[PDB]
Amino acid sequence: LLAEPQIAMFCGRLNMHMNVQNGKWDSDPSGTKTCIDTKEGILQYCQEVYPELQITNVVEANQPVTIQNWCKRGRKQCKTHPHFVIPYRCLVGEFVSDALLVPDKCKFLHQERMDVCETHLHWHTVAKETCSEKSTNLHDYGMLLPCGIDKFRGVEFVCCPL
């Protein structure tokens, strides 16, 4: 969901966050906060930047975005080269899994491993690998059953014809 709460980082520039009202990337309120290394720190920035929301978890978005107007410290020189970055989604309150679009001719699948607690990458790879086994393409996917910070017990996905 391209306009939901989320943050985007580019080291050397101020963090961006999604403006849910207009869909645009807004720079850091303080004019000082830059890129973060830990998922836990990303959760903390989510919480700081969306004070009216209860941020309970985070997850990688599935596709990178392009952002060109990164600000330097103190919010000026807010132009640089276009930069590809995968935003982190700031997940709100009780977990609701993504409603995936399933084009005609494609197939919705889901797998749950209630005995494991796994990464976004792992589930992405499970999804992709499943589709590939039948000569189809992974089209859209989402996490299921959070069990930790950016850790989940399952994946929902859509496989489409090549």
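Residue numbers run from 1 along the displayed sequence.
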- Query: Between 67-75 and 82-90, which has the larger average Cα B-factor in the PDB entry?
  - Reply: 67-75
- Query: With respect to the recorded C-alpha B factors, which stretch has the higher mean value, 128-136 or 49-57?
  - Reply: 128-136
- For the listed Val158, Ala8, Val155, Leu1, which has the peak Cα B-factor recorded in the PDB entry? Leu1
- Message: Between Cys35, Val102, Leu121, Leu109, which one tops the list for Cα B-factor in this entry?
- Response: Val102
- Could you say whether, by C-alpha temperature factor, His17 belongs to the lowest, middle or highest third of its chain? middle
- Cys117 - Cα temperature factor, lowest/middle/highest third of chain: middle
- Ranked against its chain, the third holding the CA B-factor of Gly23: highest
